[PDB]
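Here you get one chain, nothing else, as structure tokens; it is the form solved without ligand GSH.
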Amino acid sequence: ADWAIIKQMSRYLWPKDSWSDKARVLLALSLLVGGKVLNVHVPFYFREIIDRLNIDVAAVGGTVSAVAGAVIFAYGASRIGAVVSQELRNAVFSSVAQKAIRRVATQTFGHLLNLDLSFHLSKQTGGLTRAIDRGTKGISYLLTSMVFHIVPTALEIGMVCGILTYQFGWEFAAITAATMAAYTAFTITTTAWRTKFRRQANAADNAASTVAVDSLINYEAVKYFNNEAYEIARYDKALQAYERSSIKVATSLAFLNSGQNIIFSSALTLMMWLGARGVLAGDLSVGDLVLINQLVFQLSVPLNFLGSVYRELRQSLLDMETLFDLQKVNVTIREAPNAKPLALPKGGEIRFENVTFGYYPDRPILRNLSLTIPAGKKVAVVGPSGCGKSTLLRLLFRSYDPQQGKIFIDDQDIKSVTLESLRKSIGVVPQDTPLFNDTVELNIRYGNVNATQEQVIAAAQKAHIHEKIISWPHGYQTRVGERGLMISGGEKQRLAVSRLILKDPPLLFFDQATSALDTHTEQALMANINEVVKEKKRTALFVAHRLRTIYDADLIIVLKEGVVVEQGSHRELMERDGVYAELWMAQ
């Protein structure tokens, strides 16, 4: 299972473009091998010191150079060389690992921004970004563990087994092979038993994080309804589950490490018994026994390093499948192949044909819908609340596809049109208008990020917000706060209208753009919007509950129960005495 994830992740070890990080990888591998070779030499120099001081105890000599000085310096310099080269390849491979981090994070964020609207509506705000940054931390930790601690250790077992089989009998090879067999059997058994606790801890951690994020987003809601203790209790219960699972994780890791060190230390005892038997039989010397012990002990050091941090490693593994499964989710809003960009031969003629749509398959909202928005005219869509008139503005934008029927913009099915050209041809003021946690000028220029300050000021006049922004102390640098909450709702809505004005699209969709404005302000703003639409011959589609802003619309579409019940102008709908008349007579 996880072998597939490791195979997919291995492409970041071997990039095919830069060729300089390839040189860094090769240099890190060469320093890895050199460090392991020096680390395996240092027991040989210790054996040489032991033997030269043991056999030369009878003759009188000095330790400066006569007996053991050169090999003392050799031992010290080889220890220094081993550790220095290990840290040097750590420093070298750090750059490759961090470049892989930035590339993975940017790619995954870019895939997130192209996912469907339904996924982003049904997710949790904290969960996605937690998956992103925790997955990047996982990539970094797992790459650094595999290159820094796992491969060097496996190479250490390789050379230790080879040297103990070469310089000594096959008995040591048999002992170490049985040790690796028992070690692997114990490790896989206890890992198959440790997986439940570690996935439960991750699930409870995610639950606690989502509780905290959802409580902090709705801080005004928790203070308005005095549910601070309720949110604290919810967070506390989630953390109770998390600490129970984490205690089980740690308690079962201290069984893994304990048992695998039982196996390793029993191996060390048996090998030292074989060495003692060899020493007493005259085959081996004291230095050979200390060589055996030192080799196996220097093998122990990386092994209990891996045992100590196994929690973080395998945590990064389940972070691997959660982030990669986030990358593997498909998009249901896909461009048809060989798709031409959207063209507007005449004005933005929008035509719905037999459109049937429901976010849930058992509840159709638009039911056999068929409406024709004329080209270049101001068109108003009215109706009861929840009737499905702001679901036009997100299904015409192709955030959702109809189950039946087709949508045409100038006789072009929007399914057979590139998403990029369609979404640049449509500008919409959303019903709720959250702003980025930045200044006023940045939020205004978000409509066209490469627009100059004069265009931003012009869109500020056209949205009837500029004089207020001048009257403020910070001017256009006034911070709007989190989700545009440090300014008033009417000013925030006018900023959204300013974004639409600065974008200047052929198709304009206003989803109650004057809902939070007083009568004078909405009157002036509607005057500016109407003269913009009439001057540029834009196809403007106004979804509005305030009928007094759209009584001069060219076409008024009354939408009830997801079907057009009546169309026509204001006066025609008055002599129809229909649903629009009942809406208007109720003032």
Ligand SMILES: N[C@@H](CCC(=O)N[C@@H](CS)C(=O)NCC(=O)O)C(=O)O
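All residue numbers are counted from 1 along the displayed sequence. Rigid core: the largest C-alpha set superposing within 1.5 Å between the two forms.
The same protein also has a form deposited with ligand GSH bound, omitted here; what follows describes it.
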{"property": "Accessibility of shown form to ligand GSH in the entry with it bound, site-C-alpha superposition, 2.4 Å backbone/C-beta rule", "result": "blocked"}
{"property": "Contact of residue 311 with ligand GSH in the entry with it bound (heavy atom, 4.5 Å)", "result": "yes"}
{"property": "4.5 Å heavy atom contact, residue 287 and ligand GSH in the entry with it bound", "result": "no"}
{"property": "Residue 204, heavy atom within 4.5 angstroms of ligand GSH in the entry with it bound", "result": "no"}
{"property": "4.5 angstroms heavy atom contact with ligand GSH in the entry with it bound for residue 469", "result": "no"}
{"property": "Proximity to ligand GSH in the entry with it bound, single hit among 378, 464, 499, 194 (heavy atom within 4.5 Å)", "result": "194"}
{"property": "Sole residue of 255, 235, 109, 305 within 4.5 Å of ligand GSH in the entry with it bound, by heavy atom", "result": "305"}
{"property": "In the entry with it bound, segment of 194-202, 150-158, 414-422, 125-133 with a heavy atom within 4.5 Å of ligand GSH", "result": "194-202"}
{"property": "Of 507, 396, 480, 97, the one whose Cα moves 2 Å or more between the shown form and the other one after core superposition", "result": "480"}
{"property": "Core-aligned C-alpha movement of residue 302 between the shown form and the other one reaching 2 Å", "result": "yes"}
{"property": "Residue 162 C-alpha shift between the shown form and the other one of 2 Å or more, rigid core reference", "result": "yes"}
{"property": "Core-aligned CA displacement of residue 287 at least 2 Å between the shown form and the other one", "result": "yes"}
{"property": "Residue pair residue 127, residue 227 - Cα distance in the entry with it bound, closer or farther (3 Å or more)", "result": "farther"}
{"property": "Relative Cα spacing, residue 14 and residue 105, in the entry with it bound - shift of 3 Å or more", "result": "closer"}
